[PDB]
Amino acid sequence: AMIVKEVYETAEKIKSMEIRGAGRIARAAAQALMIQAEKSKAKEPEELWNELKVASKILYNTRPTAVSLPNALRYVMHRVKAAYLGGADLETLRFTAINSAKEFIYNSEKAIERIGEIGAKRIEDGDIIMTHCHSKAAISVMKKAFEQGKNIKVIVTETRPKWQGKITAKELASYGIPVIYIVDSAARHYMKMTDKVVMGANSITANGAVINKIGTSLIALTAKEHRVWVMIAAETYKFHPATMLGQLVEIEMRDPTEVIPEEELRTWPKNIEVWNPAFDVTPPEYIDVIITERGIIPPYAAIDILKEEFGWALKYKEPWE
């Protein structure tokens, strides 16, 4: 394990959330295996197979909740394993890693674009769209709907604690899309004026439940109370294979100082705990479609996305062990 520096820097960027968003974290991790296999000072295949195994674990142990990341690594390492176990020279394996990781990064970019093309068709001229957090897939939809000539207006929820709504406001604002910026608490008060909800996903489960930024479940709840469509924009690599076998997705708890700043937090009584769930889970009865690069589906056909693509891997162990 003579792991390159960039693998470590990616991992610490993922953890700190300097690199964030579940699509991007997955491309960043595939990027990090790519730069491993390129800069490897390795002589044998069996030495390279060890390096990528180890870089895979490092990058897996960063953040648990977005399955995009585990699937990026699997899409690389399923292939690299089958090459090694069939028997391949140094520059063949090195290639298979760089070329698997090339495919995935490209595939992600295609999927996000193709999601906007498909999602925008469900946005109508004049629509007010409420969103949450900063999702590239979700934003792909709104952009495309604006480019088509529809006069949308987007309500951006600020998305505490990490303020991702500021990112989202600035990004849409600067494509010409008008934005209304509200605190998260104001989501029911403005649900009446909203015509559609577009939000993203970190993981999607067997039964169609959507794991996504904290607060997603509440917006979906009140959307459902007012009969406003909740549409989840999500690449197929966001769907969670392990949930097919009864696994619950771990909900990451991030540092309390994101909520109350360190300087302030340390002055507070011992008998206040600050809890910081980064995600919540939204049931499928509150979601209208999931928009993927293969199409619109009801949330309940999550299980079919998972069967046809990821199901074969579950009788096997993980491909970096």
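Each residue number is its position in the shown sequence, starting from 1.
- Per the PDB record, of the two stretches 103-111 and 211-219, 103-111 carries the greater mean B-factor over its C-alpha atoms.
- Higher average CA B factor: 149-157, of the stretches 149-157 and 225-233.
- Residues shown: 204, 191, 172, 98. Highest C-alpha temperature factor in the entry: 98.
- Note on the listed residues 244, 83, 179, 120: the highest Cα temperature factor in the record is that of 83.
- Among all modelled residues in its chain, residue 125 ranks in the middle third by Cα B-factor.
- Sort the modelled residues of the chain by CA B factor and residue 35 lands in the highest third.
- Ranked by Cα temperature factor within the chain, residue 196 sits in the lowest third according to the deposited record.
- The PDB entry assigns residue 311 a C-alpha temperature factor belonging to the highest third of its chain's modelled residues.
- Compared with the other modelled residues of the chain, the Cα B-factor recorded for residue 255 ranks in the middle third.
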